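# Report on the structure
Here is what each chain is made of, one letter per residue.
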Amino acid sequence: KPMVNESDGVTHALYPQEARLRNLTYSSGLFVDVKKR
Amino acid sequence: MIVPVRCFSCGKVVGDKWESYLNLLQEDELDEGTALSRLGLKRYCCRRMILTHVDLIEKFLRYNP
Amino acid sequence: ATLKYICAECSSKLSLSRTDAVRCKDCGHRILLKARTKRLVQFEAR
Ligand SMILES: [Zn+2]
Ligand SMILES: [Zn+2]
């Protein structure tokens with residue numbers, strides 16, 4: 001789910017309202033299980 | 001978005017009649033057309049004034065700080 | 001007695017200056033507004 005990975009800070013769970021004000025991008029994480037072989 | 005103090009077109013105050021009107025409605029269970037009439041709102045200018053107002057403010061209040 | 005800022009959610013007066021970041025005491029919500037003026041403003045009434 002959407003989140004703000006800002007530096008000098010953890011990672012807030014971003015809500016639209018804030019992205020709007022702060023000029024951020026209501027986006028989220030793309031994870032994929034790679035296989036090393 | 002609050003009740004219009006006084007009617008645009010003619011002048012009669014209407015600032016107060018809101019609560020009254022909203023009451024002769026849900027309680028005394030009358031129909032709008034009449035409720036207005038009860039409230040002294042004869043001619044349609046002052047009449048459309050109350051009958052059409054959308055009291056948005058009530059939502060505006062449901063916000064926070 | 002005197003204020004400088006405020007929090008969007010936890011509407012609580014702050015007051016700061018350069019260096020101390022721009023967050024709040026308790027909830028991060030790093031926004032903050034800027035509280036009215038002391039010199040009251042006047043309005044025509046028409
Ligand atoms: Zn009228
Ligand atoms: Zn705060």
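Residues numbered from 1 in each chain as written, not as in the entry; some residues may be left out. Chains lettered and ligands numbered in written order. Part of a larger assembly, values for the part shown. Heavy atoms only, no water.

A few words on the overall build of chain B. Scanning chain B for helices and strands turns up 4 helices and 0 strands. Counted from the first residue to the last, chain B has its helices and strands arranged as α-α-α-α. Taken across its 65 residues, chain B has 29% of its residues classed as buried. At a minimum sequence separation of 6, the contacts of chain B that also span at least 24 residues come to 49%. (Helix = DSSP H or I, 4+ residues; strand = E, 2+ residues; numbered from the N terminus. Buried < 20%, exposed > 50% of the residue type's maximum accessible area, 1.4 Å probe, protein only. Contact = heavy atoms within 4.5 Å.)

Let us now look at the pattern of salt bridges. Summed over all chains, the structure comprises 6 salt bridges over all chains. The closest approach of N and O atoms between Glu6 of chain A and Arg22 of chain A, which form a salt bridge, is 3.5 Å. On the criterion of sequence distance, the pair formed by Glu6 of chain A in the segment before α1 (16-22) and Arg22 of chain A in helix α1 is long-range, its members being 16 residues apart. Accessibility expressed as a relative area gives 30% for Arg22 of chain A, which makes it partly exposed. One salt bridge in this structure joins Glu18 of chain A and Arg22 of chain A, with 2.7 Å as the shortest N-O distance. Here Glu18 of chain A pairs with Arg22 of chain A, and both are found in helix α1, just 4 residues apart, close to one helical turn. The exposure class of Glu18 of chain A is buried, given its relative accessible area of 11%. Through salt bridges with shared partners, a single ionic network connects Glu6, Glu18 and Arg22 of chain A together with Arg23 and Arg30 of chain C. (Salt bridge = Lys/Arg side-chain N within 4 Å of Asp/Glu carboxyl O.)

Bringing the coordination of the zinc ion (ligand 1) into the picture now. All names here are of chain B. Taken together, the protein donors to the zinc ion (ligand 1) comprise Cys7 (SG), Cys10 (SG), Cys45 (SG), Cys46 (N) and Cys46 (SG), at separations of 2.1 to 2.7 Å. Each donor residue of the zinc ion (ligand 1) lies on the same chain, and together they follow the pattern C-x2-C-x34-C-C. On the basis of relative accessibility, which here comes to 3%, the residue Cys7 falls in the buried class. (Donors = N, O, S within 2.8 Å, 3.2 Å for Na, K, Ca; no water.)

Residue and element names in this part refer to chain C. For the zinc ion (ligand 2), the protein coordination sphere consists of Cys10 (SG) and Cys24 (SG), at 2.4 to 2.6 Å. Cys10 sits in the partly exposed class, given a relative accessible area of 28%. Classification of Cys24 as buried rests on a relative accessible area of 11%.

Moving on: the side chain of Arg30 of chain C. A relative accessible area of 14% places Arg30 of chain C in the buried class. Of the polar contacts made by the side chain of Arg30 of chain C, one reaches the side chain of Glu6 of chain A; its length is 2.5 Å. Here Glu18 of chain A takes part through its side chain, which lies 3.4 Å from a polar atom of the side chain of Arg30 of chain C. (Polar contact = N/O pair within 3.5 Å; in protein donor to acceptor, adjacent residues only side chain to side chain.)

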